[PDB]
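**Q**
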Ligand SMILES: CO[C@@H]1O[C@H](CO)[C@H](O)[C@H](OC(=O)c2ccc(C)cc2)[C@@H]1OC(=O)c1ccc(F)cc1[N+](=O)[O-]
Ligand SMILES: [Cl-]
């Protein structure tokens, strides 16, 4: 297993048609997972499955600019289960990140950070065993 938190460099940033694939297994009794697409210290796209927010499961997405979190986007569809292997695919498209989990479309997140070619790292953290993190141009 990869060491978590894990930093995957994204050389020259992201671009439409870049597909990022994360394979891992949720820990038993997980509380949270995060994918952070970073532009330096800014987080262009935070994808945050929360396993227990007031005894509900939700995905929170947001952007962090100059150390401040913005307006959350929430998705109640929650495909992750404690103990189970998952695949997250993040396809960069011209206006959004498009996320599929286990081959099913989950959500899209509109680009708030405009300089896609400066979003040069993906941080992967939280309550998983991380199997692999990779990208390809489709
Ligand atoms: C106001 O709270 C923040 O909201 C931000 C989004 O607007 C971020 O999600 C930030 O997340 C982390 O800092 C974070 C996320 C994942 C990891 C592995 C490490 C760090 C933080 O969330 C929690 O503290 C939070 C609040 C209530 C919750 F039930 C669950 C969470 N949470 O998952 O962090
Ligand atoms: Cl920008």
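Numbering (the working numbering), first residue to last: 1 to 138. Cβ atoms here follow ideal geometry from the backbone N, Cα and C, with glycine treated the same way.
Does the beta carbon of residue 99 fall short of 6 Å from some heavy atom of ligand 1?
**A** Here residue 99 refers to the residue found at position 99 of the chain shown. No, since every heavy atom of ligand 1 falls outside the 6 Å radius drawn around the Cβ of residue 99.
**Q** Is any heavy atom of ligand 3 found at a distance shorter than 6 Å from the C-beta of residue 71?
**A** Because ligand 3 does not appear in the structure shown, any question about it cannot be addressed here, the ligands present being ligand 1 and ligand 2.
**Q** Thinking just about the alpha-carbon of each residue, which of 87, 119, 111 is nearest to the one in residue 105?
**A** Indexing the chain shown from 1 puts residue 105 at position 105. Checking every option, the nearest Cα to that of residue 105 belongs to 87.
**Q** With distances taken from CA atoms, which of 5, 82, 114 is nearest residue 95?
**A** As a working mapping, residue 95 is identified with position 95 in the chain shown. Looking at the Cα atoms, 114 is the closest of the given residues.
**Q** Between the C-alpha atoms of residue 90 and residue 67, what's the straight-line distance to the nearest angstrom?
**A** As a working mapping, residue 90 is identified with position 90 in the chain shown. As a working mapping, residue 67 is identified with position 67 in the chain shown. Roughly 24 Å between the two C-alpha positions.
**Q** Using a Cβ-based criterion (distance less than 6 Å to any ligand heavy atom), does residue 121 qualify as near ligand 2?
**A** As a position in the chain shown, residue 121 is number 121, starting the count at 1. No, since every heavy atom of ligand 2 falls outside the 6 Å radius drawn around the Cβ of residue 121.
**Q** Taking only heavy atoms of ligand 2 into account, decide whether any of them is closer than 6 Å to the Cβ of residue 14.
**A** Residue 14 sits at position 14 when you count from the first residue of the chain shown. No, the Cβ of residue 14 stays beyond 6 Å of every heavy atom of ligand 2.
**Q** For residue 138, tell me which candidate among 53, 11, 20 has the shortest Cα-Cα distance.
**A** Sequence index remark: in the chain shown, residue 138 carries index 138 (1-based). It is 20.
**Q** Can you list, in chain order, the residues of its chain with a C-beta nearer than 7 Å to that of residue 111? Leave out the 5 residues immediately preceding and following it.
**A** One-based indexing of the chain shown puts residue 111 at position 111. Within the same chain, residue 111 has close Cβ partners 95, 96.
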